[PDB]
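Take a look at this single chain, the form deposited without the partner chain, given in structure tokens.
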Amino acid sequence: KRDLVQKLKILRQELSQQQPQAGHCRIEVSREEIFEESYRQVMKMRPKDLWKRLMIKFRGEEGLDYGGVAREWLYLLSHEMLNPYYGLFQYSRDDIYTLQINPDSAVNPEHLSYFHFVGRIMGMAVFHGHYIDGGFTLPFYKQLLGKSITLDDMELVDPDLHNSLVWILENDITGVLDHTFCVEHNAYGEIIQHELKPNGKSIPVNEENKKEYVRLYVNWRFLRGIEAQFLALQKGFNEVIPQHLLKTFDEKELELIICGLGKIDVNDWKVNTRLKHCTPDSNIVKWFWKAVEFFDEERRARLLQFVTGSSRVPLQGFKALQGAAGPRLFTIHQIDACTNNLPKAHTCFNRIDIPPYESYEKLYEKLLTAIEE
């Protein structure tokens, strides 16, 4: 994870060449309807338009500075669009941290147009150096790179199927298996017969069906139910960030440039934290970090998410932590409030407000109550 910086410098060099010298990508939207209004303006644009310098305005607002309005628009919109409320994404029943495409998104008939729009926004976020709070699986990113799903990819995705397919490959399954190139799935209460290739009444045999069976099955199973959604998303993304520019990246590296690091370094966090109304040596600050040191990786992910809106950190580390309009370091603000109160976050400012709790144990417990659930 060391030449990734150099890959990313090459990419952002080549993309700045992509930006036209003249013209702007103008957007004007209300804060209250940022998703729908951005959607309408952005989908009127040609891919060329999306590479232009951003010139953004919130309806009814003058705005301090264009650069700052633009960061804020990108931050807020990329935050909303990933919200299950809009119907495009959901968290896995299998894991409420993994983001996935909503397979029922078609209840909105224009759904594919919204997937295309989100793709474009993700592309513009990479183009302008912004990290989205992106919870997608690694095979999702490899699909974005134009790479085939592998049997290894099934370990997380479908762990029983993984075992089944590994067994098929590693053993002479002649006779026992008795399957064809037609796979069955229950969709919406109904059993669907899906042929993996023309005439899928070819029985699976050793005799070199089987390797092709597994490769077709695996690529079918990953995007199963979400093929059209994914395709539109990928198309929006690559209108902004052409696939040829990404040819030296693998899925792990793409994930890192899109949403940052999921491994939280507590030393980097500590060293890049600002203090308000509490000093480096005070109890509340000592106790906060003691709790963080005890917190496991899920608890740290929940804390980071609580305070900042995301559970991941910029590649550049905590010194690059993002507020709504530009860099804002993680901040602990000690407040004059009742000590029965929980910590309160302001995610726009990566700030946590902490009452003057009377012991570590009290701080520890109130902090856990705030971040679990």
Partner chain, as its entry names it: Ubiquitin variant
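If you superpose the two forms and keep the largest set of C-alpha atoms that fall within 1.5 Å, you have the rigid core. Residue numbers count along the first chain shown, from 1.
One more form of this protein should be noted, the form deposited with the partner chain bound, which is absent from this view; the next part is about it.
- Residues placing heavy atoms within 4.5 Å of the partner chain in the deposited complex fall in a single listed stretch, namely 161 to 169, out of 101 to 109, 114 to 122, 262 to 270, 161 to 169.
- Contact with the partner chain in the deposited complex, defined as a heavy atom within 4.5 Å, is made by all three of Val176, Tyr213 and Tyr217.
- Here is the short version: of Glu298, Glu227, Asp95, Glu184, the single residue with a heavy atom within 4.5 Å of the partner chain in the deposited complex is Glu184.
- For the residues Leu245, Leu223, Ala232, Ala301, superposed on the rigid core between this form and the one not shown, a C-alpha shift of 2 angstroms or more shows up only at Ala301.
- Once you line up the core between this form and the one not shown, the Cα of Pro198 ends up 2 Å or more from where it was.
- Annotation: Cα of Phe115 displaced by less than 2 Å between this form and the one not shown, core superposition.
- Relative to the superposed rigid core, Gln41 undergoes a CA displacement smaller than 2 Å between this form and the one not shown.
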